[PDB]
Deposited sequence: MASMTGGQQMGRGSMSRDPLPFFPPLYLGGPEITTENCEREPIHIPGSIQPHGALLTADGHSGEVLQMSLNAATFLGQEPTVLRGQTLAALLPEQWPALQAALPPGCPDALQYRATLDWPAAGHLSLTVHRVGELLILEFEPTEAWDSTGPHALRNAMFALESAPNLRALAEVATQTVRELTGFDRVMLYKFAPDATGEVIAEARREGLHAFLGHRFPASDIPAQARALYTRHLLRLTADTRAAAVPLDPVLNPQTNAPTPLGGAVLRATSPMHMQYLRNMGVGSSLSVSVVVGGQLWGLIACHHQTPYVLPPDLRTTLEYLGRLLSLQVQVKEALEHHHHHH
């Protein structure tokens, strides 16, 4: 099972109880964006991130009463249709708001039971994706496919180090390709134990396919209230990209000298086959539209991995 989270007086995590940390319910978010939760029917804002005032430019209490209908007039009917009751928590709807306080915000929404989870992040506003897609497809074998994928992602993102990390049958890991800035250690061909990505994280990653930590030294921002009013229980934030990262993981990134990190799932036959893995030596918020490109690439790689593995077997 899982331990209770800290804020419900659960035990603090060690290297003895890795598999029992409730990574999906930390009740907080990374501070480069803002999150609201809201009732599926009324559009009533139930929780907000204590930083919401910044991004939204709204007097704190104003929000926690108001309705999405009021708050987002053009958007609220779209949400209603895009995310019908009973849909999966994996389904997401996005829009760009030209919002008074902040030039442009990206809005990402999904639904968990009766709750809508809304994420706001700064945003903005060519052929590299089309060119990459054809390059992946003409790679003659799995090895070359791995090389093209990591190089392509590095070129699109500027990440110092981009790896393709593959999963063995006992969840043991291997770096099979890597493109990196001059003057980093080379991790190509190294293997890592099966606890370095624990059992509960490998399930979330079969389902939600992108996650990132934009700054491995930044403090999480609590949800207020922390518990969902509807349930008097923790909000599942597993589908949220601004979800706060486990403190056990941020400690590991700093021991490596990493300031920013991102990864995309490669899912084949309903199982987690590998990850496109990205390091950055300093903090780095990749904007939503560039993340989308890596989400597409994740699907394309999932297709090509199967194609390529079939022409060996």
In sequence order, which deposited residues have no C-alpha?
1 to 20, 146 to 150, 339 to 343
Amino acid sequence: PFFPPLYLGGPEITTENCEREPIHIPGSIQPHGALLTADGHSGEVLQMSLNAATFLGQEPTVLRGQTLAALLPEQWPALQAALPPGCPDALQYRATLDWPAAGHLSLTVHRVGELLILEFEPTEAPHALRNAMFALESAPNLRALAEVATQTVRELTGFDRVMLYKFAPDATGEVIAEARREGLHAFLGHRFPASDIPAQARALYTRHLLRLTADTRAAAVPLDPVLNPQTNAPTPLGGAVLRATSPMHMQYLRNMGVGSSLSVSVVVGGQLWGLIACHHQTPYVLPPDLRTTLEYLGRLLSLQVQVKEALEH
From here on, numbers count along this sequence of modelled residues.
Between 1 to 9 and 304 to 312 (mean CA B-factor, as deposited), the higher
1 to 9
Can you tell me whether 293 to 301 has a higher mean C-alpha B factor than 16 to 24 in this record, or the other way round?
16 to 24
Residue set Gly269, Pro60, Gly257, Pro288, per-entry CA B-factor max assigned to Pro60
So if I compare the CA B-factors in the entry for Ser261, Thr245, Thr54, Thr282, which one is the largest?
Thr54
Could you look up the Cα B-factor of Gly40 in the entry and say which third of the chain it sits in: lowest, middle or highest?
highest
So where's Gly274 on the chain's Cα temperature factor ranking, which third?
lowest
Third of the chain, ranked by Cα B-factor, where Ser195 sits
highest
Grab the CA temperature factor for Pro88 from the record and place it in the lowest, middle or highest third of its chain.
middle
In terms of the chain's CA B-factor thirds, is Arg211 lowest, middle or highest?
lowest
